[PDB]
There are 2 protein chains.
Amino acid sequence: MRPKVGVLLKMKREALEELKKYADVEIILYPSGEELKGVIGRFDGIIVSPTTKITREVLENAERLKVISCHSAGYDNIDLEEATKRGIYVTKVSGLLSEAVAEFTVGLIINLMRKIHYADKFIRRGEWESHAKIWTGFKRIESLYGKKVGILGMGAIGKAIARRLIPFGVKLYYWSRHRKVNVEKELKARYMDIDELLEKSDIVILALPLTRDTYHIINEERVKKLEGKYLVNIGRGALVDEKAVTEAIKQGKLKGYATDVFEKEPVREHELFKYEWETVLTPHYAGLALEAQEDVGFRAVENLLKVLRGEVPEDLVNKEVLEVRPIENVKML
Amino acid sequence: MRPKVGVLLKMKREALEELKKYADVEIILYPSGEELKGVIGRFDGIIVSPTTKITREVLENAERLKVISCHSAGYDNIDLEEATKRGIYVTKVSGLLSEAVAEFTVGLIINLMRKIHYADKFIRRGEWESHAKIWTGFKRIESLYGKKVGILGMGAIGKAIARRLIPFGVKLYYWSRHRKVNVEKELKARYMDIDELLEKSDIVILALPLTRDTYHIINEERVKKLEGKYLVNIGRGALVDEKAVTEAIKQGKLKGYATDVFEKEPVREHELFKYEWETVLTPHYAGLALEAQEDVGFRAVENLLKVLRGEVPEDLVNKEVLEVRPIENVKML
């Protein structure tokens with residue numbers, strides 16, 4: 001208990017006990033930007049939940065901060081560039097969480113293609129009048145088998161989706177800021193430029209982090225490039241021009257849209273709500289599963305301790321930080 | 001244009017044209033037993049769907065019948081014992097259909113576990129009040145990852161399902177009327193007796209043909225063995241004692257049940273309709289997909305023509321027939 005760690009959320013008791021074995025902890029549940037500004041200087045590291053934002057204004061007071069462990073799969077609540085400039089290591093949680101998200105995504109894909117979510121409503125309404133009504137009445141349904149799937153973002157989650165899709169007989173295409181050749185041949189995924197992928201893919205999956213460079217990466221023009229195709233989003237609503245997506249749906253241009261995320265959450269009303277056949281919509285819970293929720297805490301604690309032990313964690317988001325402040329400089333344990 | 005073929009279901013024009021190249025065709029849509037036995041004498045072969053029952057009554061007048069091609073995955077609608085006795089070859093369809101059903105099955109599994117179908121309804125009903133509402137509203141969700149999945153039936157569909165589940169991180173157990181040593185090491189699936197599988201599995205999947213022996217394979221007593229577990233059915237409703245399954249669901253014992261088939265189809269009313277969270281129900285359309293169905297028609301036509309050309313189709317269902325009437329004896333093409 002020598003490094004001073006601030007836990008900014010309600011973590012599982014067990015994960016906390018593990019952390020306390022190595023550091024002194026201060027529990028400051030979901031602090032406002034002002035409250036965190038006045039206490040952040042006390043910590044060598046912090047464990048934060050998505051709801052807490054680590055802005056450049058917060059970092060200005062992080063005099064001894066060495067590591068920020070995001071207890072989530074995403075890290076858009078962190079000003080990455082500013083953290084990097086200050087030599088602050090930022091980590092995120094993969095493990096069972098990444099697996100759970102990737103599993104959920106494939107479920108979104110199969111529902112968007114095969115319409116199971118729609119059929120479930122259908123039968124419960126008593127509409128199953130006959131074999132003919134279904135096998136003739138149901139609009140054309142395409143299978144995932146034999147389709148070309150293009151994935152944008154090949155991080156922990158993107159790779160997990162790719163591995164799950166192979167046995168479904170799809171052809172994989174992908175794009176990522178940092179290209180992964182060591183993954184390409186393994187999963188038989190052909191690297192391509194964004195637009196080339198949008199044009200050549202039958203199905204497009206969004207597994208990108210939300211940054212200034214990915215905001216509306218799927219703009220109105222690109223939505224047009226997706227006429228007759230399927231779009232699946234598990235990153236953030238802002239990865240797409242949601243108004244443009246919706247319009248494409250209502251006009252019958254975009255064949256289908258499945259998403260677990262929206263530009264403005266929570267969503268209580270939406271034009272896409274009436275399009276039950278063309279869309280699959282979930283209330284942002286792709287990472288919600290018992291096993292995953294139990295693992296996140298341990299992983300977040302492990303990621304933070306690794307850095308303070310002078311070890312580079314595999315889930316380090318801003319690897320460039322290594323050049324700014326060599327890991328030896330932040331080793332406390 | 002030598003053999004005469006009776007097409008007893010609605011087939012796509014392309015498949016029919018293919019068939020007309022080699023045989024004179026007569027279309028008799030979904031005939032009753034009395035209607036069919038009255039005309040069955042004119043055909044060298046017939047193409048049929050699950051709704052047409054080929055019985056001893058019908059086969060009595062089947063003087064020139066040499067092959068029965070089922071335009072489907074299942075063949076429980078055919079009396080194999082009588083067909084075999086009369087030296088009639090019975091075939092089913094494999095290929096893209098099997099792939100489409102396996103894909104569908106995984107969709108049912110992910111929905112049954114992760115509740116996407118329920119959440120889709122939930123959000124469209126405008127109940128997404130907040131993040132807390134969701135994450136607290138339902139955390140008992142379990143991921144497919146790390147689970148023990150027991151598959152009953154390891155034929156084309158069973159294998160296709162198993163191959164798909166591997167990357168999801170499951171442990172596979174299975175039972176089959178005919179053990180498959182090669183699949184066991186290939187897919188690392190552990191062979192088990194039926195009751196042992198039901199006891200050790202977290203999730204049980206039914207991909208067995210319905211026969212007198214597999215009738216109610218999941219009976220009342222076995223349902224009790226599933227307390228706290230998940231059951232998925234994509235074969236035929238009669239594979240389970242549906243009433244017993246329904247009770248186990250209402251009594252909160254069986255954790256979840258998803259099925260694309262029921263003992264009495266079509267189903268316009270059912271006790272399970274109110275159990276939106278605990279079940280996933282689809283109107284028997286697991287094999288319904290464009291690419292797959294176009295393949296089914298050509299496959300059914302080709303399985304029939306192969307027999308008449310004196311070739312043993314790999315999809316031959318009743319192999320015993322070879323001892324009654326060798327393939328050379330039915331060669332007409």
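Letters A, B, ... are given to chains in the order of the sequence lines, protein chains preceding strands, and every chain is numbered from 1.
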From [X] atom [atom1] to [Y] atom [atom2], the distance as rounded to the nearest 0.5 Å:
X: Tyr285(A); Y: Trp128(B); atom1: OH; atom2: CH2; value: 11.5 Å
X: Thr282(A); Y: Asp120(B); atom1: OG1; atom2: CG; value: 8.0 Å
X: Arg114(A); Y: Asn111(B); atom1: CZ; atom2: CG; value: 12.5 Å

Part of [X] within contact of chain B (heavy atom distance under 4.5 Å):
X: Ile110(A); value: side chain
X: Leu108(A); value: both
X: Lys133(A); value: neither
X: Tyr275(A); value: backbone
X: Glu276(A); value: both

[X] versus chain A, heavy atoms under 4.5 Å apart: side chain, backbone, both or neither?
X: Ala286(B); value: backbone
X: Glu269(B); value: neither
X: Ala292(B); value: neither
X: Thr279(B); value: both
X: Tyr118(B); value: neither

Identify which of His131(B), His117(B), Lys121(B), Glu142(B) forms the greatest number of heavy-atom pairs closer than 4.5 Å to chain A.
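Result: the option with the highest number of such pairs is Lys121(B).
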
For [X] and [Y], indicate whether the former's side chain and the latter's backbone hold a donor-acceptor pair under 3.5 Å.
X: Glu103(B); Y: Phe168(A); result: no
X: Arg268(A); Y: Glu129(B); result: yes
X: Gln293(A); Y: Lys139(B); result: no

Answer with yes or no whether the side chains of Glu291(B) and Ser143(A) bring together a donor and an acceptor at under 3.5 Å.
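There is such a pair (donor and acceptor under 3.5 Å, judged by atom type) between the side chains of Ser143(A) and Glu291(B).
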
Within the 4.5 Å heavy-atom criterion, are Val280(B) and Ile116(A) side-chain neighbours or not?
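They are in contact (side-chain heavy atoms under 4.5 Å apart), so the answer is yes.
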
I want to check something: taking the side chain as every heavy atom from C-beta on, are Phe273(A) and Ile123(B) in contact at a cut-off of under 4.5 Å?
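Yes, side chains in contact.
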
Do any of residues 158-167 of chain B come closer than 4.5 Å to chain A, heavy atom to heavy atom, and if so which ones, in number order?
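Under the 4.5 Å heavy-atom cut-off, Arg163(B), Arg164(B), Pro167(B) qualify.
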
